[PDB]
Amino acid sequence: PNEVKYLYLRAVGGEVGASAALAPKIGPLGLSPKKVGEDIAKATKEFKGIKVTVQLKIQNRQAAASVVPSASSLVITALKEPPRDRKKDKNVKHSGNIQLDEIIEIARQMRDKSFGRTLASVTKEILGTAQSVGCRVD
Amino acid sequence: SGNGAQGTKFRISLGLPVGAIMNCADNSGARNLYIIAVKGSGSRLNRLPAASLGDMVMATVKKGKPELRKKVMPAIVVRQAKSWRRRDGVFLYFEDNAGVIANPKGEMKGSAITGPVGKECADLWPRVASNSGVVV
Amino acid sequence: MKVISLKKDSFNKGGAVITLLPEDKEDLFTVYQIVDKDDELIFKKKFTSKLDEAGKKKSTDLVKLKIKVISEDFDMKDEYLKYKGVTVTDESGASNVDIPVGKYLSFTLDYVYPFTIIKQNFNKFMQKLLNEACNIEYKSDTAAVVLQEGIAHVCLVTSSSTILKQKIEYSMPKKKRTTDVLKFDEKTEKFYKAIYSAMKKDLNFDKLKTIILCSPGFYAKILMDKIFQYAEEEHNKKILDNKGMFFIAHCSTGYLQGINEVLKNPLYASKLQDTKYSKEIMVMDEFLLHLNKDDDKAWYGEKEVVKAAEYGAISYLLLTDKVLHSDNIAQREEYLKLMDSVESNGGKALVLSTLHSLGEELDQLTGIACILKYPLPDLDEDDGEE
Amino acid sequence: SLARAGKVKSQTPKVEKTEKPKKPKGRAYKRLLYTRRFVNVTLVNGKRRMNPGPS
Amino acid sequence: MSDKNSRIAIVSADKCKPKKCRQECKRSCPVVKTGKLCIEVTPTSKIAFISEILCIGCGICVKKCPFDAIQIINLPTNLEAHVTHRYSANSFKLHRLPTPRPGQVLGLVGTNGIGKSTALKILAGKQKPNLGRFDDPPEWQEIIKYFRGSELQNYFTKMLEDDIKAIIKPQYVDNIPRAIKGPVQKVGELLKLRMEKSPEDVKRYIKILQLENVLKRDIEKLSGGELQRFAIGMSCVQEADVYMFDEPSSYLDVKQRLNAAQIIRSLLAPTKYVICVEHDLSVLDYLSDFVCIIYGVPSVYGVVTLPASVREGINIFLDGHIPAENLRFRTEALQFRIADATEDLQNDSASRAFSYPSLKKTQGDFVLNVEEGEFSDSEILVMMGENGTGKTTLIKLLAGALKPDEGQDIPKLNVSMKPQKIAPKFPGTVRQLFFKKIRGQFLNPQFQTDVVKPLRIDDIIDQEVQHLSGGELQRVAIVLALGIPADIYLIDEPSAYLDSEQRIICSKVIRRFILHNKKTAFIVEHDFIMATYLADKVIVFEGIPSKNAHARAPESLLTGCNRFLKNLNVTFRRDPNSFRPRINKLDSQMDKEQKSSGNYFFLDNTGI
Ligand SMILES: Nc1ncnc2c1ncn2[C@@H]1O[C@H](COP(=O)(O)OP(=O)(O)OP(=O)(O)O)[C@@H](O)[C@H]1O
Ligand code: SF4
Ligand code: SF4
């Protein structure tokens with residue numbers, strides 16, 4: 001009803017939407033907080049650090065801090081274990097091989113917005129971004 | 001002169017060099033004032049700084065209430081004795097040397113001034129005007 | 001505090017037997033956090049103050065009571081720590097002899113006589129507070145150096161108190177017949193090395209702020225320049241960054257006297273850099289610099305600093321004497337976590353005395369405040385207020 | 001130390017007074033005194049007493 | 001030890017909206033953090049209340065207030081000793097009161113908001129003082145006790161018993177037209193009814209006041225000066241012992257105000273007690289035997305001093321400081337430019353300004369005559385004289401508002417004009433109106449000093465002009481005339497409705513801009529001091545009011561002042577200390593000597 005479209009912009013690790021971006025936030029439009037603290041008190045508590053996107057919605061007298069996104073994120077998703085580190089473990093450089101099909105099984109999902117010859121382009125693409133897969137596929 | 005002295009002052013004969021003692025002519029408890037400095041006076045090897053009518057000096061109280069003795073304070077010369085000369089042509093003089101203890105701004109410590117007061121001082125220091133009887 | 005003993009029995013791996021002498025009300029508060037209910041203390045008083053009844057009659061003595069602890073009456077402002085208890089009743093006669101068993105008895109502590117704590121629950125947190133100091137509140141920040149021409153005292157203030165930590169001292173130059181017989185310069189050179197080593201070790205030389213360098217004569221100034229000479233030699237940037245921990249003072253007397261000559265006399269001190277208002281003043285500046293240009297990079301008050309911390313924007317923490325020593329105990333735990341918590345997110349720390357203009361400004365602000373490294377807007381929301 | 005000031009008064013537990021027969025004032029009270037002390041007497045355990053509790 | 005101190009908080013409800021702030025006052029205060037009482041919320045009227053007992057004096061709340069609704073001050077317990085009355089929580093409170101004395105006239109002088117008006121009511125029996133407390137159901141008894149140690153104690157016993165019923169000449173000048181019509185019907189009716197005194201009194205009183213023309217007119221119809229005088233007539237005519245006048249100089253012209261002063265003084269001769277409040281020092285000096293000074297911040301508080309002499313009280317007033325109280329009541333001292341002080345320039349601009357020929361304007365009941373004069377550029381001309389002389393008419397003609405019966409003045413020039421009597425007739429709010437005239441004038445620092453910060457227009461910005469006040473509106477109007485660029489600016493009677501500080505802000509305003517901008521200005525005035533500061537030349541008007549009048553060409557300050565003051569026959573020697581005009585009595589040797597010299601006033605100039 002009294003609604004519109006997204007904004008696609010985070011900023012941060014700090015939850016509660018950026019931090020207090022759970023509160024200015026009606027200020028030309030017409031919303032207030034429909035996770036914009038409770039599914040954002042599930043934003044970074046969900047995917048702590050690094051950022052990803054936030055796509056605040058404006059759907060019905062209430063925003064929506066939408067913490068959708070894609071790769072980078074889904075890239076290091078190339079793994080199977082990462083027992084945290086607390087803080088300051090000397091960078092904890094997680095880089096070491098992966099599975100085969102780096103591509104139509106890990107970029108056919110990130111295709112579309114990439115341009116030109118699919119694989120040759122995109123499928124190739126994702127590869128380089130593996131700076132954290134540090135050791136390349138094998 | 002200096003602070004709180006609204007007005008300029010035409011030169012008048014210097015009557016009182018450092019070391020001179022004038023009568024204290026207020027009701028502050030001070031009996032006399034011993035001049036140790038003149039404000040705004042200049043420098044020449046061997047010259048004593050010396051005050052005149054309506055000059056602000058720096059004095060100590062040689063005779064007077066002990067709460068006033070043993071310290072240096074500002075005073076203002078109100079009567080002279082060394083004769084001086086005004087721009088109406090007159091050479092005039094008082095019977096005594098005398099001034100009144102005062103603050104850097106120029107406020108009297110006391111509330112009366114006993115005896116006369118020369119106009120050139122009255123004209124210079126308003127709170128002195130206030131407390132003056134016969135002027136000149 | 002002065003700890004006479006402290007031993008670890010063979011029959012008890014855990015607890016301890018501590019004989020100790022509290023020296024000031026900061027050391028009363030230390031005792032407090034060590035002593036548990038059901039621990040034992042043997043102290044002295046002065047009981048024998050009987051009936052009449054058969055005989056006169058009393059006797060006198062100086063009778064020492066082994067009391068088991070049951071309760072405490074603790075008043076920090078009043079400099080009053082008191083332990084209530086029952087006699088342990090040393091039926092063995094070795095202790096408690098001359099006291100009449102079956103009768104409660106109290107200990108108002110004094111700074112005069114030491115006492116023994118037979119402890120059950122001697123933990124690592126108490127041990128810190130017994131051998132590093134125990135001001136989790138921090139009042140001080142000072143060290144001094146008096147030198148005459150022949151005697152020196154390196155003095156020093158505490159980790160907790162106006163309580164000396166280390167009375168150093170060298171061979172000081174004494175104005176000899178010749179040009180000041182070269183032994184002067186080498187021996188003075190030694191002292192700097194001796195004082196730098198002691199302060200490095202004793203402290204975490206990031207806890208003290210002040211060295212006052214005090215002399216009758218040019219000695220102090222000579223020594224300052226000598227400090228920073230040797231500083232450039234070693235490329236000792238712990239010293240070279242920091243023209244603000246040494247402050248150069250003259251005095252007549254220079255034994256332990258000299259310090260109180262320097263301080264309390266308006267020659268060399270006032271509210272300029274003595275360095276126990278140092279960074280205390282500098283950060284409380286910057287705190288209002290930010291807060292009055294409504295920038296969101298300074299925040300204030302027990303409610304508001306804890307929230308400015310939840311957002312994890314804060315660097316220089318502003319804490320007080322008043323809100324601590326005004327009356328309240330417990331409360332200062334909360335703020336101590338809150339300093340670490342905040343630093344675990346960013347920052348140093350400044351405790352200001354409220355006995356002064358600056359501490360009073362911050363006290364009108366609940367005695368707790370911050371400067372942030374970065375703006376974090378609307379820290380007063382989530383938590384509800386202004 | 002100031003510390004203690006008023007320790008005991010502030011730590012004695014309140015107990016409110018009780019509600020009791022009003023005592024007469026004046027001449028009547030003297031009367032009560034004279035009858036209590038002299039007329040129907042009371043005890044004389046050994047000699048006499050003017051208030052014990054259990055004896 | 002340390003001296004004693006207090007905290008007092010006064011909050012303006014007009015300025016406060018708790019919704020926007022939130023009850024932020026409570027949240028921010030450090031006392032309430034602890035669990036204390038300093039700020040309590042009143043659920044009813046929905047206002048913040050600050051208790052003076054619990055408040056710290058921190059001032060944290062003041063800064064946090066978004067508007068500037070709260071004010072906390074720290075006093076040495078100067079106010080606490082004196083408490084007479086208070087309007088309510090966090091409102092104006094009055095301190096001390098003026099002594100009344102029989103057979104004499106006691107003056108009162110102060111800046112607006114001091115409680116001079118309030119004080120009259122208390123003495124009048126109209127209002128009963130609460131004593132900064134509950135006192136309400138007629139507790140006159142308590143008031144005498146509060147007054148003990150003061151001479152007012154006797155008066156309060158008299159008032160309660162109702163032996164004496166004081167007659168009051170109402171203060172608010174704007175309010176009166178609405179209240180009375182006719183008095184019922186026409187001023188004449190009022191004077192006949194009220195006349196307890198002599199039949200001579202009806203005629204005599206009217207003659208001296210120059211009421212002859214005005215009798216037939218109705219009260220509502222009356223102009224400001226006329227309106228004032230009828231009230232004065234009734235206060236002589238009445239039979240009583242105590243005659244209270246509250247601001248009798250308001251709206252009146254220079255000649256008339258002096259006349260009012262003499263007549264009022266006549267009461268003292270019959271040994272009747274008189275009390276008076278004045279904004280004008282010339283008037284105040286003449287009337288009074290004794291004078292009180294009322295000081296303190298406007299609308300916050302105002303204390304009355306101990307009774308003083310006429311000469312003495314005036315002298316202390318001008319210093320801006322009072323010793324016992326030890327308060328510098330006025331931030332800056334008043335000074336007048338010597339004329340030595342002024343800048344020296346060759347003036348003409350384009351060779352002189354415009355010039356006007358002889359002019360005449362005849363209504364058919366009044367005739368104005370004007371003598372050809374010249375105006376020059378970057379100059380200032382004062383216009384003086386009594387009202388009804390056509391001072392107003394002349395300015396209008398130059399404005400082009402009025403067409404001359406004869407003569408013509410068609411200038412090329414752009415003119416800005418400010419009218420004399422200001423009554424609102426503009427729809428819109430204050431900010432909107434001033435912004436249309438010019439924004440950017442609003443930006444200047446000069447305008448911050450004089451208008452915006454003193455009054456606090458920010459709060460006025462939303463308010464309607466109909467809803468507004470008199471003096472506040474006046475400063476705004478003067479400023480607005482200055483808002484737009486013009487070769488020549490015209491202002492008519494800027495002193496109305498303004499107290500001492502307010503007028504003097506205006507004096508600085510006209511002189512500084514004109515000098516700087518190099519433009520010319522004509523200012524009409526009754527106030528002696530204002531004319532002196534601003535002007536370089538003057539036009540004096542003469543003739544008989546409400547009949548005919550005449551104007552003169554501009555002439556130097558010395559020349560013009562002698563003519564004007566010669567018409568009055570009061571010399572204002574000089575006081576050596578204050579440099580103030582000192583009035584001279586009629587037939588005298590010292591005053592006689594001056595008449596032969598031609599010196600009505602003195603300044604820091606050469607002269608005998
Ligand atoms: N009804 C009221 N409620 C609260 N405060 C009031 C009320 N009437 C007057 N006051 C206060 O008393 C003071 C004002 O009036 P008074 O009428 O006593 O002033 P004055 O001293 O005559 O000043 P002015 O020269 O401005 O007329 C004001 O500053 C105002 O704060
Ligand atoms: S006074 Fe100011 S801060 Fe307090 S409620 Fe009103 S508007 Fe808000
Ligand atoms: S001044 Fe301070 S203490 Fe008083 S009401 Fe305001 S915040 Fe509370």
# chains A, B, ... in the order shown; residues from 1 in each chain; ligands from 1
>>> residues_around(residues="residue 93 in chain A", least_positions_apart="4", cutoff="10 Å", atoms="only C-alpha atoms", output="list in words")
residues 89, 131, 132, 133 and 134 of chain A
>>> write_last_selection(atoms="C-alpha atoms", output="PDB file, in the first residue's frame")
ATOM      1  CA  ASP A  89      44.814 -14.484  14.982  1.00  0.00           C
ATOM      2  CA  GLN A 131      41.962 -14.613  -3.388  1.00  0.00           C
ATOM      3  CA  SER A 132      40.629 -16.401  -0.396  1.00  0.00           C
ATOM      4  CA  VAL A 133      40.468 -19.958  -2.123  1.00  0.00           C
ATOM      5  CA  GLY A 134      44.192 -19.170  -2.272  1.00  0.00           C
TER       6      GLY A 134
END
>>> residues_near_ligand(ligand="ligand 3", cutoff="12 Å", atoms="only C-alpha atoms and all ligand atoms", output="JSON, numbers by chain")
{"C": [361, 363, 364, 365, 366], "E": [6, 7, 8, 9, 10, 11, 24, 25, 26, 27, 28, 29, 30, 31, 32, 33, 34, 35, 36, 37, 38, 39, 40, 41, 48, 49, 50, 51, 52, 53, 54, 55, 56, 57, 58, 59, 60, 61, 62, 63, 64, 65, 69, 70, 71, 72, 73, 74, 90]}
>>> write_last_selection(atoms="N, CA and C atoms", output="short mmCIF file (atom, residue, chain, number, x, y, z; two decimals), in the first residue's frame")
data_model
loop_
_atom_site.label_atom_id
_atom_site.label_comp_id
_atom_site.auth_asym_id
_atom_site.auth_seq_id
_atom_site.Cartn_x
_atom_site.Cartn_y
_atom_site.Cartn_z
N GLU C 361 32.72 19.34 36.31
CA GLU C 361 32.03 19.55 35.04
C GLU C 361 31.48 18.31 34.49
N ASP C 363 31.09 15.53 36.54
CA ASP C 363 30.19 15.11 37.58
C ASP C 363 28.74 15.54 37.41
N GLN C 364 28.56 16.87 37.00
CA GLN C 364 27.34 17.34 36.43
C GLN C 364 26.87 16.60 35.22
N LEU C 365 27.65 15.65 34.80
CA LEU C 365 27.50 14.71 33.67
C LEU C 365 27.59 13.24 34.11
N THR C 366 27.38 13.04 35.47
CA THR C 366 27.26 11.69 36.05
C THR C 366 28.61 10.99 36.23
N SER E 6 22.04 30.86 45.54
CA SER E 6 20.78 30.22 45.31
C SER E 6 20.70 29.92 43.84
N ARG E 7 19.60 29.26 43.43
CA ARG E 7 19.31 28.99 42.05
C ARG E 7 17.89 29.42 41.89
N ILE E 8 17.53 30.01 40.73
CA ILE E 8 16.16 30.35 40.51
C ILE E 8 15.88 29.96 39.11
N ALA E 9 14.75 29.28 38.86
CA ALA E 9 14.51 28.97 37.49
C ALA E 9 13.19 29.54 37.09
N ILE E 10 13.17 30.16 35.90
CA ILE E 10 11.97 30.71 35.34
C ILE E 10 11.89 30.13 33.96
N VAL E 11 10.72 29.57 33.60
CA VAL E 11 10.56 28.98 32.31
C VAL E 11 9.46 29.71 31.62
N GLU E 24 12.54 16.28 27.63
CA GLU E 24 13.97 16.14 27.61
C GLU E 24 14.56 16.74 28.84
N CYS E 25 13.89 17.75 29.42
CA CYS E 25 14.41 18.43 30.57
C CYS E 25 14.61 17.44 31.68
N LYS E 26 13.63 16.56 31.91
CA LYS E 26 13.76 15.61 32.97
C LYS E 26 14.85 14.63 32.67
N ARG E 27 14.92 14.12 31.42
CA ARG E 27 15.84 13.07 31.09
C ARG E 27 17.27 13.49 31.22
N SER E 28 17.60 14.72 30.78
CA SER E 28 18.96 15.20 30.76
C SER E 28 19.47 15.61 32.11
N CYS E 29 18.58 16.01 33.05
CA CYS E 29 19.02 16.54 34.32
C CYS E 29 19.68 15.47 35.14
N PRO E 30 20.82 15.83 35.70
CA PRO E 30 21.61 14.95 36.53
C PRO E 30 21.01 14.62 37.86
N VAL E 31 20.16 15.50 38.41
CA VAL E 31 19.53 15.26 39.68
C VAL E 31 18.53 14.15 39.55
N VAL E 32 17.76 14.15 38.45
CA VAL E 32 16.72 13.18 38.20
C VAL E 32 17.35 11.86 37.92
N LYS E 33 18.63 11.80 37.44
CA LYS E 33 19.36 10.59 37.12
C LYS E 33 19.48 9.83 38.35
N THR E 34 19.83 10.60 39.43
CA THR E 34 20.05 10.01 40.72
C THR E 34 18.74 9.59 41.31
N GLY E 35 17.61 10.22 40.92
CA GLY E 35 16.36 9.84 41.51
C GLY E 35 15.78 11.01 42.25
N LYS E 36 16.40 12.20 42.11
CA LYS E 36 15.93 13.40 42.75
C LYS E 36 14.81 14.04 41.97
N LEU E 37 14.23 15.07 42.62
CA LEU E 37 13.12 15.95 42.35
C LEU E 37 13.32 17.18 41.50
N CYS E 38 14.54 17.57 41.06
CA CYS E 38 14.73 18.90 40.51
C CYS E 38 13.74 19.27 39.44
N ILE E 39 13.43 18.38 38.47
CA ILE E 39 12.44 18.72 37.48
C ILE E 39 11.33 17.72 37.63
N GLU E 40 10.07 18.21 37.76
CA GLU E 40 8.93 17.36 37.94
C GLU E 40 8.01 17.61 36.79
N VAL E 41 7.36 16.56 36.25
CA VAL E 41 6.47 16.79 35.15
C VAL E 41 5.11 17.04 35.67
N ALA E 48 6.89 21.57 32.06
CA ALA E 48 7.95 21.15 32.92
C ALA E 48 7.99 22.12 34.05
N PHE E 49 8.34 21.64 35.25
CA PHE E 49 8.42 22.46 36.41
C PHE E 49 9.77 22.24 36.99
N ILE E 50 10.46 23.31 37.40
CA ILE E 50 11.73 23.06 38.00
C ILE E 50 11.67 23.59 39.39
N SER E 51 12.06 22.73 40.35
CA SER E 51 12.07 23.10 41.73
C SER E 51 13.43 23.63 42.00
N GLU E 52 13.47 24.77 42.68
CA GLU E 52 14.64 25.52 43.02
C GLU E 52 15.40 24.88 44.15
N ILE E 53 14.71 24.06 44.97
CA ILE E 53 15.33 23.41 46.10
C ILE E 53 16.29 22.32 45.70
N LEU E 54 15.86 21.43 44.79
CA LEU E 54 16.63 20.31 44.30
C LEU E 54 17.59 20.58 43.18
N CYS E 55 17.40 21.66 42.40
CA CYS E 55 18.24 21.98 41.28
C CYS E 55 19.66 22.21 41.76
N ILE E 56 20.63 21.72 40.95
CA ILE E 56 22.06 21.81 41.10
C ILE E 56 22.66 23.12 40.66
N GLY E 57 22.10 23.75 39.60
CA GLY E 57 22.62 24.99 39.10
C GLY E 57 23.55 24.68 37.98
N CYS E 58 23.49 23.42 37.49
CA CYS E 58 24.34 22.90 36.46
C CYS E 58 24.17 23.63 35.17
N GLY E 59 22.91 23.90 34.75
CA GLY E 59 22.69 24.63 33.54
C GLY E 59 22.71 23.70 32.36
N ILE E 60 22.79 22.38 32.62
CA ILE E 60 22.82 21.41 31.56
C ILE E 60 21.52 21.45 30.81
N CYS E 61 20.41 21.62 31.54
CA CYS E 61 19.09 21.63 30.98
C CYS E 61 18.92 22.82 30.08
N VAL E 62 19.54 23.96 30.43
CA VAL E 62 19.36 25.14 29.65
C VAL E 62 19.94 24.95 28.28
N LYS E 63 21.14 24.35 28.18
CA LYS E 63 21.81 24.16 26.92
C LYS E 63 21.07 23.18 26.05
N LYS E 64 20.55 22.10 26.65
CA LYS E 64 19.88 21.06 25.93
C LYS E 64 18.58 21.52 25.36
N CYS E 65 17.90 22.50 25.99
CA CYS E 65 16.62 22.93 25.50
C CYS E 65 16.80 23.40 24.09
N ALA E 69 13.96 27.88 26.27
CA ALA E 69 12.83 27.99 27.16
C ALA E 69 13.20 28.11 28.61
N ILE E 70 14.36 27.55 29.03
CA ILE E 70 14.70 27.52 30.43
C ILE E 70 15.80 28.48 30.72
N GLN E 71 15.76 29.11 31.91
CA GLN E 71 16.79 30.00 32.34
C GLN E 71 17.08 29.70 33.77
N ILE E 72 18.36 29.45 34.09
CA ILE E 72 18.74 29.23 35.45
C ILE E 72 19.78 30.26 35.73
N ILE E 73 19.69 30.92 36.90
CA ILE E 73 20.62 31.95 37.24
C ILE E 73 21.08 31.62 38.62
N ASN E 74 22.26 32.15 39.02
CA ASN E 74 22.74 31.93 40.34
C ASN E 74 22.91 33.29 40.94
N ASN E 90 7.60 29.18 38.37
CA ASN E 90 8.51 29.52 37.31
C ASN E 90 8.04 30.72 36.54
#
>>> closest_residue(among="E:578, E:387, E:288, E:500", to="chain B", atoms="only C-alpha atoms")
E:578
>>> residues_near_ligand(ligand="ligand 1", cutoff="7 Å", atoms="only C-alpha atoms and all ligand atoms", output="VMD selection string")
chain E and resid 87 to 88 91 to 94 110 to 119 298 to 301
>>> interface_residues(of="chain C", to="chain D", cutoff="7 Å", atoms="only C-alpha atoms", output="ChimeraX atom specification")
/C:75,78-80
>>> write_last_selection(atoms="N, CA and C atoms", output="JSON list (two decimals), in the first residue's frame")
[["chain", "number", "residue", "atom", "x", "y", "z"],
["C", 75, "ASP", "N", 32.33, 1.80, 55.33],
["C", 75, "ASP", "CA", 32.06, 3.15, 54.98],
["C", 75, "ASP", "C", 33.35, 3.84, 54.51],
["C", 78, "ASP", "N", 33.95, 7.61, 55.35],
["C", 78, "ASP", "CA", 34.22, 7.71, 56.77],
["C", 78, "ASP", "C", 35.53, 7.06, 57.22],
["C", 79, "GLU", "N", 36.22, 6.39, 56.27],
["C", 79, "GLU", "CA", 37.44, 5.62, 56.57],
["C", 79, "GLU", "C", 37.23, 4.61, 57.68],
["C", 80, "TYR", "N", 36.16, 3.77, 57.61],
["C", 80, "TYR", "CA", 35.68, 2.90, 58.62],
["C", 80, "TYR", "C", 35.44, 1.55, 57.91]]
>>> select_by_dssp(residues="chain B", states="alpha helix (DSSP H)", output="number ranges by chain")
B: 119-122, 126-130
>>> atom_distance(atom1="CA of residue 304 in chain C", atom2="CA of residue 139 in chain C")
23.3 Å
>>> interface_residues(of="chain C", to="chain E", cutoff="12 Å", atoms="only C-alpha atoms", output="list in words")
residues 291, 292, 294, 300, 301, 302, 303, 304, 323, 360, 361, 362, 363, 364, 365, 366, 367, 368, 380, 384, 385 and 386 of chain C
>>> residues_around(residues="residue 281 in chain C", least_positions_apart="3", cutoff="9 Å", atoms="only C-alpha atoms", output="ChimeraX atom specification")
/C:273,277-278,284-286,350,352,358
>>> residues_around(residues="residue 15 in chain C", least_positions_apart="2", cutoff="8 Å", atoms="only C-alpha atoms", output="list in words")
residues 8, 12, 13, 17, 118, 119, 120, 121, 122 and 123 of chain C
>>> residues_around(residues="range 79-85 of chain B", least_positions_apart="5", cutoff="7 Å", atoms="only C-alpha atoms", output="list in words")
residues 12, 13, 15, 52, 53, 90, 91, 92, 93, 94, 95, 96, 97, 98, 99, 117 and 118 of chain B
>>> interface_residues(of="chain C", to="chain A", cutoff="10 Å", atoms="only C-alpha atoms", output="PDB file with N, CA and C atoms, in the first residue's frame")
ATOM      1  N   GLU C 310      27.790   0.713  23.404  1.00  0.00           N
ATOM      2  CA  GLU C 310      27.127  -0.391  22.710  1.00  0.00           C
ATOM      3  C   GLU C 310      27.344  -0.249  21.214  1.00  0.00           C
ATOM      4  N   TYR C 311      27.450   1.036  20.716  1.00  0.00           N
ATOM      5  CA  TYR C 311      27.638   1.342  19.285  1.00  0.00           C
ATOM      6  C   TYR C 311      29.091   1.240  18.959  1.00  0.00           C
ATOM      7  N   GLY C 312      29.937   1.165  20.014  1.00  0.00           N
ATOM      8  CA  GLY C 312      31.308   0.850  19.885  1.00  0.00           C
ATOM      9  C   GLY C 312      32.163   2.020  19.286  1.00  0.00           C
ATOM     10  N   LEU C 376      29.349   8.066  15.693  1.00  0.00           N
ATOM     11  CA  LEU C 376      28.246   7.123  15.509  1.00  0.00           C
ATOM     12  C   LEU C 376      26.889   7.617  15.819  1.00  0.00           C
ATOM     13  N   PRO C 377      26.178   8.381  14.972  1.00  0.00           N
ATOM     14  CA  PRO C 377      24.897   8.977  15.218  1.00  0.00           C
ATOM     15  C   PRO C 377      23.811   8.182  16.015  1.00  0.00           C
ATOM     16  N   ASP C 378      23.072   8.965  16.796  1.00  0.00           N
ATOM     17  CA  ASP C 378      21.903   8.518  17.587  1.00  0.00           C
ATOM     18  C   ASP C 378      22.123   7.255  18.442  1.00  0.00           C
ATOM     19  N   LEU C 379      23.046   7.488  19.429  1.00  0.00           N
ATOM     20  CA  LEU C 379      23.473   6.604  20.464  1.00  0.00           C
ATOM     21  C   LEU C 379      22.484   6.663  21.602  1.00  0.00           C
ATOM     22  N   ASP C 380      21.482   7.562  21.496  1.00  0.00           N
ATOM     23  CA  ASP C 380      20.505   7.828  22.547  1.00  0.00           C
ATOM     24  C   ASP C 380      19.193   7.262  22.205  1.00  0.00           C
ATOM     25  N   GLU C 381      19.198   6.331  21.316  1.00  0.00           N
ATOM     26  CA  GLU C 381      18.086   5.712  20.644  1.00  0.00           C
ATOM     27  C   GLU C 381      18.548   4.396  20.419  1.00  0.00           C
ATOM     28  N   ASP C 382      17.625   3.469  20.652  1.00  0.00           N
ATOM     29  CA  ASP C 382      17.823   1.998  20.967  1.00  0.00           C
ATOM     30  C   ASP C 382      17.521   1.986  22.428  1.00  0.00           C
TER      31      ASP C 382
END
>>> residues_around(residues="residue 583 in chain E", least_positions_apart="6", cutoff="8 Å", atoms="only C-alpha atoms", output="CSV table (one decimal) with N, CA and C atoms, in the first residue's frame")
chain,number,residue,atom,x,y,z
E,570,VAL,N,13.1,76.1,30.0
E,570,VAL,CA,13.8,75.3,31.0
E,570,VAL,C,15.2,75.1,30.5
E,571,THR,N,16.2,75.4,31.3
E,571,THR,CA,17.6,75.2,30.9
E,571,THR,C,18.1,74.0,31.5
E,572,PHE,N,19.1,73.4,31.0
E,572,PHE,CA,19.4,72.2,31.4
E,572,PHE,C,20.7,72.5,31.6
E,573,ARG,N,21.4,73.4,32.4
E,573,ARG,CA,22.8,73.7,32.7
E,573,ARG,C,23.5,72.4,32.4
>>> residues_around(residues="residue 436 in chain E", least_positions_apart="2", cutoff="10 Å", atoms="only C-alpha atoms", output="list in words")
residues 431, 432, 433, 434, 438, 439, 480, 483 and 484 of chain E
>>> select_by_dssp(residues="range 13-141 of chain C", states="strand (DSSP E or B)", output="PyMOL selection string")
chain C and resi 16-21+40-42+66-75+80-87+104+107-108+115-119
>>> atom_distance(atom1="CA of residue 331 in chain C", atom2="CA of residue 298 in chain C")
22.9 Å
